[PDB]
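# Secondary and tertiary structure notes
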Amino acid sequence: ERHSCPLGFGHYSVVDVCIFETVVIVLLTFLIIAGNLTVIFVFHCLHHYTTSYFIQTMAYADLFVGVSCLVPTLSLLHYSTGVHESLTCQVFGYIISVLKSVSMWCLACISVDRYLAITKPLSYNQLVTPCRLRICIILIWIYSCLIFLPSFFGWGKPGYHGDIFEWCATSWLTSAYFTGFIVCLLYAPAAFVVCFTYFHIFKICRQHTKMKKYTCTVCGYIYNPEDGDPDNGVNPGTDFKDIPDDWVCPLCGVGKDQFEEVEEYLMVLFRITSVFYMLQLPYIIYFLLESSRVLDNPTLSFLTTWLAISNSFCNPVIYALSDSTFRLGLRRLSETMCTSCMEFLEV
Ligand SMILES: CCCCCCCC/C=C\CCCCCCCC(=O)OC[C@H](O)CO
Ligand SMILES: [Zn+2]
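Residues numbered from 1 in each chain as written, not as in the entry; some residues may be left out. Chains lettered and ligands numbered in written order. Heavy atoms only, no water. Residues with missing side-chain atoms left out of burial classes, pairs and counts.

Structure determination for this entry is recorded as X-ray crystallography, at 2.80 Å resolution.

See the structure below:
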């Protein structure tokens, strides 16, 4: 299967061809499959519930991005089936664009859900239900498929996700009509949805100055400033900063040094949202310029394409690494291996 391998410009040879492209794809295919499979076995096999479902969905969306990315890696690894390249780069580029819309929308629905919880706190549970959230999921899956369905009916190229394959990078051409359609009906709406919700959510929060929770890095005790530690002289309504240095963890006795601020779940979702929408921003700028024929650059086409695909890997990393309990799981894991390493070494 022939590939478009523009990196290492003019330095490639019969043994060196498609090496920088192959490391990027093979790493991302691995990091996205592994990174989401860990998240769905730890948290998706008990938070704010509606968001827990949008996050669960975009976990399977991001996993199947990397599962699809097994196609380029195996073609780049000289494994082939007796099927035209024009077809496998047409199907893959469709599947990825759709999955990329499913995750992009999932982050737009979380943003609205958190908007509605904060703006209509009386009505929130009366607007959101287990049937409404379930019909909202399938409408993302239907809408995403239908914005990238024209590619199968001669409207043009819906992205550069298959431009690693030769046929898609030189034979299929993006049409400004099709690109404008996608941008206006998918990229522009989600971007404005998440810009309006997170602007107003932080507009409201900036007035209401809530006191920060802190967790014990050793055992996982949460100092909740609304409760305090009344047994040990700590009045409720005292921030962690105000407790004297003398104070110690009630569950294990470690000092105020061993306590990290518990990050707010909204702020985690704003980070996942800003990383995701910023990692595919270069790719939409290139997608607009090339469709407008103001620019053609296969290297800029490849970097922005895989910089976007990489946000299927950042999603599970921001989510698990912003959570205090997952982190503790890893520190207890290292110790389990260490004490067993001290033990297996007793010989
Ligand atoms: C990836 C597109 C821009 C990402 C911006 C956010 C991340 C910043 C990281 C690197 C920027 C510097 C690397 C830019 C490499 C562009 C390749 C290029 O411009 O090609 C040069 C030459 O013209 C070919 O013919
Ligand atoms: Zn403790």
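What follows is about the UniProt feature "transmembrane region" in the protein chain. Summarizing the sequence annotation, UniProt attributes the feature "transmembrane region" to residues 23-43, 63-83, 92-112, 135-155, 179-199, 268-288 and 299-319 in the numbering used throughout. Within the segment residues 23-43, helix and strand shares are 95% and 0% respectively, and the terminal C-alpha atoms sit 30 Å apart. Taken end to end, residues 179-199 is 100% helix and 0% strand, and its two terminal C-alpha atoms sit 28 Å from one another. (UniProt positions renumbered as here; feature names shortened; annotations may be inferred. Helix = DSSP H or I, 4+ residues; strand = E, 2+ residues; numbered from the N terminus.)

Another point: the packing of helix α1 (residues 20-42) against helix α11 (residues 298-309). Axis angle and axis distance: for two packed helices, these are the angle between their axes and the distance between the axes, and together they describe the pair. Taken N-terminus to C-terminus, the directions of α1 and α11 make an angle of 10 degrees; their axes are 11 Å apart at the nearest point. Classified by the angle between their axes, α1 and α11 sit roughly parallel to one another. Of the residues in α11, those in contact with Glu-21, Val-24, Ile-25, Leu-28 and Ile-32 of α1 are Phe-302, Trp-306 and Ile-309. When its residues are assigned to classes, the contact of α1 with α11 shows 7 nonpolar, no polar and 1 charged. (Axes fitted to C-alpha atoms, helices over the stretch in contact; angles between N-to-C directions. Parallel < 35°, antiparallel > 145°, perpendicular 65-115°, else oblique. Contact = heavy atoms within 4.5 Å. Nonpolar A, V, L, I, M, F, W, Y, C, P; charged D, E, K, R; others polar.)

It is worth spelling out the coordination of the zinc ion (ligand 2) at this point. Between any two of four tetrahedral donors, the ideal angle at the metal is 109.5 degrees; between two of six octahedral donors, it is 90 or 180 degrees. Taken together, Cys-216 (SG), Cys-219 (SG), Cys-249 (SG) and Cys-252 (SG) make up the protein donors of the zinc ion (ligand 2), found 2.3 to 2.4 Å from the metal. Taken together, the 4 donor atoms coordinating the zinc ion (ligand 2) span angles of 104 to 115 degrees at the metal, a pattern that classifies the geometry as tetrahedral. Assessed through its relative accessible area of 2%, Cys-216 is described here as buried. Residue classification places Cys-249 among the buried positions, given a relative accessible area of 3%. (Donors = N, O, S within 2.8 Å, 3.2 Å for Na, K, Ca; no water. Tetrahedral: all angles 85-135°; square planar, octahedral: opposite > 155°, others 65-115°. Buried < 20%, exposed > 50% of the residue type's maximum accessible area, 1.4 Å probe, protein only.)

Before going further, it helps to examine the state of the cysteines. Scanning the model with the defined rule gives 2 disulfides in all. Paired through a disulfide, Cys-5 and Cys-18 show a sulfur-sulfur distance of 2.0 Å. What sets the handedness of the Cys-5 and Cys-18 disulfide is the S-S torsion sign, and at about 95 degrees it is right-handed. One end of the pair, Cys-5, is in the segment before α1; the other, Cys-18, is in the segment before α1, with 13 residues separating them in the sequence. With its bonded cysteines labelled in order along the sequence, the protein chain shows the pairing 1-2, 3-4. Of all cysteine sulfurs in the structure, the one in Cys-106 sits closest to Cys-45, which takes part in no disulfide; the separation is 17 Å. The exposure class assigned to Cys-45 is exposed, which follows from its relative accessible area of 71%. Lacking any disulfide linkage, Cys-205 is separated from the closest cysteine sulfur, that of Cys-195, by 17 Å. (Disulfide = S-S within 2.5 Å.)

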